[PDB]
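Written below as structure tokens is the structure these notes are about.
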RNA sequence: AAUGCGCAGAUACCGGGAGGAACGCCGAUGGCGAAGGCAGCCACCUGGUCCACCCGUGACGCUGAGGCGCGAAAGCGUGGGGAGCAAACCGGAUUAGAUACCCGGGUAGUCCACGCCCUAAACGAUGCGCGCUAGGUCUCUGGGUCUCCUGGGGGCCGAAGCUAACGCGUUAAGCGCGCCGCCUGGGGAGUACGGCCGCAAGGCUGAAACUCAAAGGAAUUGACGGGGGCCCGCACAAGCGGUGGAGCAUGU
Ligand SMILES: [Mg+2]
Ligand SMILES: [Mg+2]
Ligand SMILES: [Mg+2]
Ligand SMILES: [Mg+2]
Ligand SMILES: [Mg+2]
Ligand SMILES: [Mg+2]
Ligand SMILES: [Mg+2]
Ligand SMILES: [Mg+2]
Ligand SMILES: [Mg+2]
Ligand SMILES: [Mg+2]
Ligand SMILES: [Mg+2]
Ligand SMILES: [Mg+2]
Ligand SMILES: [Mg+2]
Ligand SMILES: [Mg+2]
Ligand SMILES: [Mg+2]
Ligand SMILES: [Mg+2]
Ligand SMILES: [Mg+2]
Ligand SMILES: [Mg+2]
Ligand SMILES: [Mg+2]
Ligand SMILES: [Mg+2]
Ligand SMILES: [Mg+2]
Ligand SMILES: [Mg+2]
Ligand SMILES: [Mg+2]
Ligand SMILES: [Mg+2]
Ligand SMILES: [Mg+2]
Ligand SMILES: [Mg+2]
Ligand SMILES: [Mg+2]
Ligand SMILES: [Mg+2]
Ligand SMILES: [Mg+2]
Ligand SMILES: [Mg+2]
Ligand SMILES: [Mg+2]
Ligand SMILES: [Mg+2]
Ligand SMILES: [Mg+2]
Ligand SMILES: [Mg+2]
Ligand SMILES: [Mg+2]
Ligand SMILES: [Mg+2]
Ligand SMILES: [Mg+2]
Ligand SMILES: [Mg+2]
Ligand SMILES: [Mg+2]
């Protein structure tokens, strides 16, 4: 983006929850253009979020995304010295992306064999406060407020 | 731009050589003891030269400060 | 356990560290603090965050001599100067008045080379 | 960062004392001086200068080889002083190396008196004096009828004009006259020799053999800068997927 501030694209809502976040998730879950079996996963995951919990899946998926969104992160900075890890705020746009990406990645670390299950358990575990996704978020924010000394480079 | 209240104005019939007229002299220092510039005294090239010598004398008598302390920050 | 209530805060600002001394109304220190006292080491003691803690630490330490009211006397050119004040204010301690008292010669001692370049 | 200082209690803060050096603001776009150079305040002793009056003298003028005196800093001698700062030096870092830049120390010195030294980018790189040749404008300092006139000084822009150009232009680098100093291609070389001066360091004065075909001024177009400003590109950043590891294909 050297010229224009570059706008975000508007993913068409889900076919089953009529939601935008759920397309976003489904898109991050998808690889090699196989969108059919990315949705075939997220939904299989959704059946599992109920037959393991009295809660409705959308409310849980949304609930867990919020628990993974990072209020602070560092991004490095070259100064009149070297690399300084400046603690930055995190835009609501970037928290979206970071959360979702982290959720899939965390999910695919898991030892469960079916994909839907891994997504399911990560989606659940993250709602209930725990799980690898959240750990690389409570972690991220821990590097901020540790480099707090360099907050005075707020950009 | 670069102009508020001028000091030659706020007063009237004074002697610039009177090094005892503290009540008049002191109008010419900042909040700190610092002697104000011409752009604020409003004195002419000369008047200022004579007042600075006057203020200096009045500092040695202990009537005017040499330096004071800023009070906001 | 002296009990004082009213006292003075001397912020000593510098491009290298920040040191906050709290004293009684005569000027004798009740307590002090600085970037090094809050366990920082090198360049980070000049950092204004440090200065915030350094003031907050020095506060609390004195807020247990029953201080409440402080006259602030800033005395340095450096970074973390105003932030040391910010910290002092936000510590409940009533700041009764802030004064800059940075000492300056009427041109007197030949400065270190580092600090003169063109005199 | 580390030498370093700190539990023999530093740093920070308050009170008292000692000392040495410099004089913030005013203060600069300013003033004074022949130049070097001159800045807290008071007094004394001294130098130059500018205005008005149009009073006195009556060409008593200008320049000036040599002479004499002055002459930043550093340096030297004798004595004193010594806060801060600091060649040399002693350490710590940095680096390929680091006899450096950065950091902690630190002697001479920087200070004062007296006596030397006599140099400089001692620069406006512009000898002094006098006359003449549009103006505008800002400023310092006098005087008169004080919206304005009239001196002396400091800047800027500009008439004519000058200049290789840059630029100069009533504070000439214009137009003239007087007098002094100096130049005559680069190197060798401010060197050698001699002389004069100096306590010394050194200073003045100042060549030749030899060697080169340039050395050099200003300006033009570019290119370049680890110079500025402005701006692009999957250039970086944000992101997805890779190569680099394996086996094989293929080119080298
Ligand atoms: Mg030790
Ligand atoms: Mg002990
Ligand atoms: Mg001390
Ligand atoms: Mg003391
Ligand atoms: Mg002593
Ligand atoms: Mg002059
Ligand atoms: Mg000069
Ligand atoms: Mg006189
Ligand atoms: Mg007559
Ligand atoms: Mg006659
Ligand atoms: Mg003469
Ligand atoms: Mg001399
Ligand atoms: Mg000397
Ligand atoms: Mg000596
Ligand atoms: Mg001696
Ligand atoms: Mg001695
Ligand atoms: Mg040193
Ligand atoms: Mg030193
Ligand atoms: Mg002498
Ligand atoms: Mg001479
Ligand atoms: Mg002439
Ligand atoms: Mg007048
Ligand atoms: Mg004039
Ligand atoms: Mg002058
Ligand atoms: Mg012309
Ligand atoms: Mg000519
Ligand atoms: Mg021309
Ligand atoms: Mg001109
Ligand atoms: Mg000559
Ligand atoms: Mg020849
Ligand atoms: Mg020659
Ligand atoms: Mg020589
Ligand atoms: Mg000789
Ligand atoms: Mg001899
Ligand atoms: Mg040239
Ligand atoms: Mg260029
Ligand atoms: Mg990239
Ligand atoms: Mg391979
Ligand atoms: Mg071949």
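Protein chains in written order, with the deposited numbering: chain G, 2 to 156; chain R, 16 to 88; chain K, 11 to 129.
All C-beta atoms, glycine included, are put in the ideal place defined by N, C-alpha and C.
- Close to residue 150 of chain G, with beta-carbon spacing below 7 Å, are these residues of chain K in chain order: 54, 57, 59, 60.
- Only residues of its own chain outside the window of five on either side were considered, and among them 61, 64, 65 have a CB closer than 6 Å to the CB of residue 128 of chain G, listed in chain order.
- Secondary structure at residue 49 of chain G: helix, using DSSP grouped into helix, strand and coil.
- Inter-segment contact for the region 86-98 of chain K and the region 119-128 of chain K is absent: fewer than three beta-carbon pairs are separated by less than 8 Å.
- The residue among K:82, K:77, K:57 with its C-alpha nearest the C-alpha of residue 14 of chain K is K:77.
- Under the Cβ criterion of 8 Å, residue 32 of chain K is not counted among the residues facing chain R.
- The beta carbons of residue 33 of chain K and residue 18 of chain K sit closer together than 8 Å.
- The C-beta separation of residue 23 of chain R from residue 58 of chain R comes to about 6 Å, placing the pair in contact by the 8 Å criterion.
- Around residue 105 of chain G, the same chain offers 29, 30 as residues with beta carbons nearer than 7 Å, after the five sequence neighbours per side are excluded.
- If you check the CB distance, residue 27 of chain G and residue 117 of chain G do not come in under 8 Å.
- The C-beta distance from residue 108 of chain K to residue 82 of chain K rounds to 4 Å, short enough to meet the 8 Å contact threshold.
- Residue ranges of uninterrupted alpha helix (DSSP H) with 4 or more members, entirely inside the region 34-104 of chain K and ordered along the chain, are 58-73, 92-99.
- When secondary structure is reduced to three states using DSSP, residue 84 of chain G falls in the strand class.
- Of all residues in the region 63-86 of chain R, those with a C-beta nearer than 7 Å to a C-beta of chain K are 84, 85, 86, reading in chain order.
- Close CB contacts of residue 56 of chain K within its chain, under the 8 Å cut and outside five residues either way in sequence, are with 24, 25, 26, 27, 28, 45, 88, 89, 90 (chain order).
- With a threshold of 8 Å between beta carbons, residue 67 of chain K makes no contact with chain R.
- According to the DSSP assignment, residue 24 of chain K belongs to the beta strand (DSSP E) that extends over 16-24.
- Within the same chain, Cβ atoms closer than 7 Å to the Cβ of residue 58 of chain G are found at 47, 50, 51, the five residues on either side in sequence being excluded.
- Non-local beta-carbon contacts of residue 69 of chain K in its own chain, meaning distances under 6 Å to residues more than five positions away in sequence, involve 101, 103 in chain order.
- Secondary structure of residue 62 of chain R (DSSP, three-state): helix.
- Rounded to whole angstroms, the separation of the alpha carbons of residue 12 of chain K and residue 75 of chain K is 6 Å.
- Out of K:37, K:54, K:43, the CA that lies nearest to the CA of residue 16 of chain K is found in K:37.
- Interface flag for residue 88 of chain R against chain K is set, since a Cβ pair is found closer than 8 Å.
- Across the region 94-119 of chain K, CB contacts with chain R closer than 9 Å involve 95, 107, 108, 109, 110, 111, 112, 114, 116, in sequence order along the chain.
- For residue 72 of chain R, the three-state secondary structure derived from DSSP is helix.
- According to the DSSP assignment, residue 141 of chain G belongs to the alpha helix (DSSP H) that extends over 141-144.
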